[PDB]
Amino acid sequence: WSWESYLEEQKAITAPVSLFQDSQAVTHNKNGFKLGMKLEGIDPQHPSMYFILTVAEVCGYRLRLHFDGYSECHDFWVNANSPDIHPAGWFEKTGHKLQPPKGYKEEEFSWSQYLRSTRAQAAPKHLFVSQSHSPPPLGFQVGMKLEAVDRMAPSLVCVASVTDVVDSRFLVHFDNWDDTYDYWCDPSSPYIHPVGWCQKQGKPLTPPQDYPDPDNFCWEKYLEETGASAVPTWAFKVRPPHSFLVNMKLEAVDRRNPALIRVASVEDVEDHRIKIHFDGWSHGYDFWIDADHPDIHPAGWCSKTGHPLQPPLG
């Protein structure tokens, strides 16, 4: 199957590489991860927690990770340039806590001995883009508060806090709710706003869960209560809207079987998101995704990185 031939057949155009972040487009980096290598990483389902992970599979510039001690049901895929994985020992030098493998207890744990007991090797350092020598995001520190769109839930704007900061990104947490609605973010995110934004825009604001007398939540009072500072207004640098147009073609990871990457088209657009349609498949599989999501790539990405590309269902 050839993109070139497909474009001719369909009288179509690809989404230019310039529309993607360099990290979504870069194809010349070699994937140095190997089967069995161990490392540290956040749990995609509990973004605030770190676990010991093992490379369970390698394909092109991607890898499937497995939670040591847990079932294969928790396995997930990331790209080799993911900033959500770190080298062994990272948690200790950056002050984070590490969840022990399902059989230990993070008191009595150490890489040297765990690696010995598993006869494995830790992925070398030089493969990680996020090792935290990297400078932090400007203006965002753990403890600061802000207003954020509840992307994982009904999407109202809520009272939130920064609970973690890694490389140039930070973790957005919804005050007194579960971490299951948290998400990693950066200063250019269109989903975050300075304290007081809802009021100025004339929008309702969801206060912390069970906060006393919800209807009269007052930011100044809450900040005095918690002694926390608001993320300063100058720190918010929202990115410009993307320039993807409907019908442009690209490549995207299949959300049902993360192991596959298929030929795709832009079905619809918003200022910061695009709706992906898998050519040849039902429109019922179409889905909205942010323009900077690590799992969408320009045409040619699979071929150049050595990963199989699924052509239109035919």
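Throughout, we count residues from 1 along the sequence that is shown.
- Mean C-alpha B-factor is higher over 6-14 than over the other stretch, the pair under comparison being 6-14 and 288-296.
- When the mean C-alpha temperature factors of 66-74 and 48-56 are read from the deposited coordinates, 66-74 comes out higher.
- The PDB entry assigns its highest CA temperature factor, among 147, 210, 84, 164, to 210.
- Taking only the listed residues 130, 226, 141, 188, the entry reports the highest CA temperature factor at 130.
- Residue 243: CA B factor lies in the middle third for its chain, per the PDB record.
- For residue 194, the recorded CA B-factor ranks within the lowest third of the chain. Only modelled residues enter the ranking.
- Residue 231: CA B factor lies in the lowest third for its chain, per the PDB record.
- In this PDB entry, residue 168 carries a Cα temperature factor that places it within the middle third of its chain's modelled residues.
- Sorting the modelled residues of the chain by their CA temperature factor places residue 27 in the middle third.
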